[PDB]
Amino acid sequence: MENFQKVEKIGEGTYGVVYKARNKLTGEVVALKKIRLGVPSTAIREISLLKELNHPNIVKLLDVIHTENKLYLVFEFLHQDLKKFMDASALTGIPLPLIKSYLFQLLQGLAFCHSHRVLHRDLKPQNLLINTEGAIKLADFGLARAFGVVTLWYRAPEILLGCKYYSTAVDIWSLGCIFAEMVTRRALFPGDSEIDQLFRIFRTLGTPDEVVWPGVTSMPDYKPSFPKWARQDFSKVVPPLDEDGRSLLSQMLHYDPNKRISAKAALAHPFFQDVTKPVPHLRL
Ligand SMILES: C[C@@H](O)[C@@H](C)Oc1nc(Nc2ccc([S@](=N)(=O)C3CC3)cc2)ncc1C(F)(F)F
């Protein structure tokens with residue numbers, strides 16, 4: 001930490017504060033994450049795992065600094081998060097080819113994490129990072145299980161209904177909501193509490209039953225008393241997404257995590273037949 005000059009705070013989350021910083025020796029510009037708390041021996045090994053987990057679409061973890069009984073993670077710096085890019089692109093929308101590129105690339109990262117049994121668990125526009133060359137990368141995970149107002153908007157229903165051992169399918173759910181948001185320019189499920197989140201999901205997708213989701217009615221926080229809403233058609237939920245986009249989105253948004261599409265199969269969905277890598281117009 002002596003080795004870095006902080007340039008500016010660029011974020012804050014569950015696990016710490018993030019600064020853009022410069023290596024005082026070598027002039028490298030990095031993102032420096034100070035982990036909020038001795039460090040436990042099992043976060044140390046979980047972090048060692050992450051350092052090896054490298055992929056073009058995963059933010060690179062450069063160095064792990066466990067000194068004076070604090071933890072710092074030194075990451076490559078990316079110049080913009082997708083939340084800011086979405087906000088900046090609100091008048092016209094992000095062009096479809098660019099949405100499709102990003103969704104393709106994020107599935108590719110997720111496919112890689114998931115083959116390694118690593119889950120993100122908290123995907124959101126603020127955790128997705130872009131560059132001037134047209135890449136997008138997932139950031140700020142492995143953190144979730146390594147260590148043990150929060151946004152709920154991208155939370156899978158199994159998590160809101162009290163499932164303790166959830167699967168990679170929670171990340172596909174999240175990425176689904178995000179896809180929809182890029183296309184409509186509105187948040188799909190903008191909840192402000194756990195039950196508001198769950199009921200906004202229930203009014204759009206319909207209240208889940210044993211028919212759409214076997215097991216649902218015995219989950220910890222399921223209540224027979226939940227209201228009964230009817231599902232809406234995706235034609236109403238995500239115009240102007242074409243039928244291929246909607247076909248894919250419905251598969252990412254299946255109630256039953258085991259029916260929900262995997263990242264690897266999503267990469268083969270007909271939606272990505274004509275995928276290309278456009279260059280975004282970034283104002284930095
Ligand atoms: C994942 C999450 O924590 C962001 C803050 O983290 C990271 N962020 C970046 N770059 C970054 C750059 C610009 C912006 S900005 N808000 O669009 C603009 C100043 C307003 C945001 C983030 N680079 C690496 C990381 C990471 F640490 F994850 F490696």
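Ligands are counted one by one from 1 in listed order, and the atoms in each one are counted from 1 as well. When reading the values below, keep in mind they use all heavy atoms of this one structure, side chains included, and skip hydrogens, waters and symmetry mates. Nothing fancy with the numbering, it's 1 onward along the sequence.
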Where ligand 1 meets [X] - atom numbers and elements under 4.0 angstrom, heavy-atom basis:
X: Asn127; answer: 1 (C)
X: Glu76; answer: 24 (C), 29 (F)
X: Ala139; answer: 1 (C), 28 (F)

Considering only heavy atoms, does [X] approach ligand 1 within less than 4.0 Å through its side chain, its backbone, both, or neither?
X: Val18; answer: side chain
X: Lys20; answer: neither
X: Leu73; answer: neither
X: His79; answer: backbone
X: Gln80; answer: both
X: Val59; answer: side chain

Distance from [X] atom [atom1] to [Y] atom [atom2], nearest 0.5 Å?
X: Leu248; Y: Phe272; atom1: CG; atom2: CZ; answer: 5.0 Å
X: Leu253; Y: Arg246; atom1: CG; atom2: CZ; answer: 13.5 Å
X: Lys264; Y: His114; atom1: NZ; atom2: NE2; answer: 13.5 Å

Checking a contact table here: which protein heavy atom is nearest [atom], and how many Å away?
atom: atom 29 (F) of ligand 1; answer: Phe75 CB, 2.8 Å
atom: atom 22 (C) of ligand 1; answer: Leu129 CD2, 4.1 Å
atom: atom 5 (C) of ligand 1; answer: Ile10 O, 3.5 Å
atom: atom 26 (C) of ligand 1; answer: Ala31 CB, 3.8 Å
atom: atom 19 (C) of ligand 1; answer: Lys84 NZ, 4.5 Å
atom: atom 14 (C) of ligand 1; answer: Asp81 N, 4.0 Å

### Message
With a 4.0 Å cut-off on N to O distance, would you call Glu12 and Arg36 a salt bridge?
### Response
yes
### Task
Please work out which of the three classes, parallel, tilted or perpendicular, describes the rings of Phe202 and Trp229, given edges at 30° and 60°.
tilted
### Task
Classify the ring geometry between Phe271 and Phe179 as parallel (under 30°), tilted (30 to 60°) or perpendicular (over 60°).
tilted
### Message
Heavy-atom contact check, 4.0 Å cutoff: does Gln126 meet ligand 1?
### Response
yes
#### Entry: Any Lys60 heavy atom less than 4.0 Å to ligand 1
no
#### Entry: From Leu78, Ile130, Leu282, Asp87 - option closest to atom 10 (N) of ligand 1 by heavy atom
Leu78
### Task
State whether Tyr15 and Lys33 meet the cation-pi test: NZ (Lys) or CZ (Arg) under 6.0 Å from the six-membered ring centroid, and within 45° of the perpendicular axis.
no
### Over all atoms of both residues, closest heavy-atom pair of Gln80 and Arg283
NE2-O, 3.2 Å
### Message
Within the structure provided, determine whether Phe226 and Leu198 are in side-chain contact (heavy-atom separation under 4.5 Å).
### Response
yes
### Query
Mind checking whether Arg145 and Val118 have side chains closer than 4.5 Å, heavy atoms only?
yes
### Task
Count the heavy atoms of every other residue, nucleotide or ligand shown that sit under 6.0 Å from CG of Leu284, and state whether that count exceeds 12.
yes
